[PDB]
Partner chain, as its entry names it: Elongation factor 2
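The data below hold one chain only, encoded as structure tokens and taken in the form solved without its partner chain.
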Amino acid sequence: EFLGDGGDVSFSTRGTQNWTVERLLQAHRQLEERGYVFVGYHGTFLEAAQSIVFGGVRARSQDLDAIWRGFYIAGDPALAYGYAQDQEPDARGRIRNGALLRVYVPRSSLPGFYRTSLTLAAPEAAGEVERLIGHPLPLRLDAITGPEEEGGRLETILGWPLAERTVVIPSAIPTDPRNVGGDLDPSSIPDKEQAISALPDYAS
């Protein structure tokens, strides 16, 4: 259990229960001590956050193409935040805010991390990434970081094999239940979390 101590952690529209930036700090120190390193944020809906944190990352399907299939994260919490919410409404039109998660990978997995300046959405990106990674997509126990299709923000994709090796914990950066869909309010980012958010150096 890499969640540190305090009470039971629970995701909810009111905010991640029993999660404070201080507990995150304890959790972060424990992970680092165990040889894990932070690689980015992952925004998703509440239940997927719960599953990811306590069950671990688990690929489910889509092999025909989905060439870029994998676990998408981002060094910049603002990019991942856009995804921390339900993808479709319920029968009554409600779209709940989700949660931001912190993704860690064993340091021994770092050799598989690559970065390119080429926008991943570019048509020839696949060919360039395959050259960079040394094999045909999909990504395996490796990852690639590159500019989002449009926006300039760097997105990181973890091959499912790598993703399933991660330890993921809640972020102390909250989503706003009053502003679903809205952009991340940078002032809602705890200084203490920003402090433990440096990324590892990737190969290019």
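Numbering follows the first chain given and starts at 1.
Here the subject shifts to the form solved in complex with its partner chain, a form of this protein not shown in this document.
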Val9 within 4.5 Å of its partner chain in the entry with it bound, heavy atoms | no
Partner proximity in the entry with it bound: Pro123 to its partner chain, non-hydrogen atom cutoff 4.5 Å | no
Heavy atom of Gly127 within 4.5 Å of its partner chain in the entry with it bound | no
So in the entry with it bound, does any heavy atom of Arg60 sit within 4.5 Å of its partner chain?
-> no
